[PDB]
Each structure stands twice: as C-alpha cells, then as structure tokens.
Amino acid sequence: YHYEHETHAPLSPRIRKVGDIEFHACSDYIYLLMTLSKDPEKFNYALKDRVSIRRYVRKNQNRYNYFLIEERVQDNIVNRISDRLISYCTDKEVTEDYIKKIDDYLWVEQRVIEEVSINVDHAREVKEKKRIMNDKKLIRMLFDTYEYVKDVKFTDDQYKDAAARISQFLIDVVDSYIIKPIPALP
C-alpha cells in the first residue's frame, strides 16, 4: 500500500502564480466593468478592449512578481479573460453583489485548474499528461464538487466554455514535464 502519501503535492508554483495573475486580473477588470455600468458604449467598448485587459494582466504580473510569461501565453490569458467577460457580464446587471458572486465562479475555475494540474504532474508519460489536461470527464466531476462547495451553478454554456479554457490554460501554462536543451557554450 502506497497512498500518494498525501494530497496536493507541491502544486507547481508556476500554476499558482499564472493562475493568480489571470484570475485577479479578471476580477479587477470585472470591477471596472461594474463602475462603467451606467455608461453603455464605454461598457460595451471595454468588453473587447484587449489593450486595456492586457494592461490589467501586466499590473497583476507586477503584483505577484512574476514576469516569466511568454507572449503567446500572455495573448491567451487576455483572450480567456475577454471570453469570461462576455460569458459572465453580457446579460445581468453588472452590480456590486453580482461581481461578488462572479468572484466565486472565478474561484471554481481556478480551483479545477489546480486540481487537474496535480493529476497531470503525477502522470508518468507526456501522452497521459496531455490526455488528463483534456479529460472533460475529470473536469466535469471536479466542477460538480467545487460548484457545490462554493454554492454556485454555471449554466451549461458557461460550463462548456469554462472546460475549454481549463484545458487551454493547462496546455499553455504547465511546464513541469518540460526538459529544455542543454545550452551551447556561445
């Protein structure tokens, strides 16, 4: 008998930081949207203002002192954030109580990302790591647990979009299985 000895091994610090960066930048930007709720057009413009959103990402990279994010990775962080804006703020009145509730949806997604990343790190083959990143079944189950725990319910569309982001986020961010070339002697 070898219990994994214990649960939640050293979650990768990279997952922890990039996750914090992306989700706090998202929460912050949703706060902005809320302050623009009385000004349509500005509000509408902000939903897809990639330049501003990327500025929020940068600010958070500074706040969590983590500047190791490649441009392509950063581009998808911005994309995922904008998609969350449209998924969570494009109907209901973006009120103060509402964004407090959206923070729980963010929490749920960030927690599922972390949990799945743990299963990925523990898998042996890179092929299995990839299968896990894309395991919609595992994601659905982890989602049921955290939605319940945080008392929130994603609509089927919000859930399906979230599962896609999660798989995307893992592929873009996980680096624990990577072995780079030995550096030449320039």
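Start at 1 and count along the sequence shown; that's the residue number.
- When 83 to 91 is weighed against 108 to 116, 83 to 91 comes out higher, by mean CA B-factor as recorded in the entry.
- Averaged over their C-alpha atoms, the temperature factors of 8 to 16 and 167 to 175 are higher for 8 to 16.
- When the C-alpha B factors of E125, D135, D144, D161 are read from the deposited coordinates, the top value falls at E125.
- Comparing the listed residues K153, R54, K38, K130, the entry records the largest Cα B-factor for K38.
- Per the deposited record, the Cα B-factor of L68 falls in the middle third when ranked against the other modelled residues of its chain.
- When the CA B factors of the chain's modelled residues are split into thirds, the value for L33 lands in the highest one.
- In the PDB entry, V78 places in the lowest third of its chain by CA B-factor.
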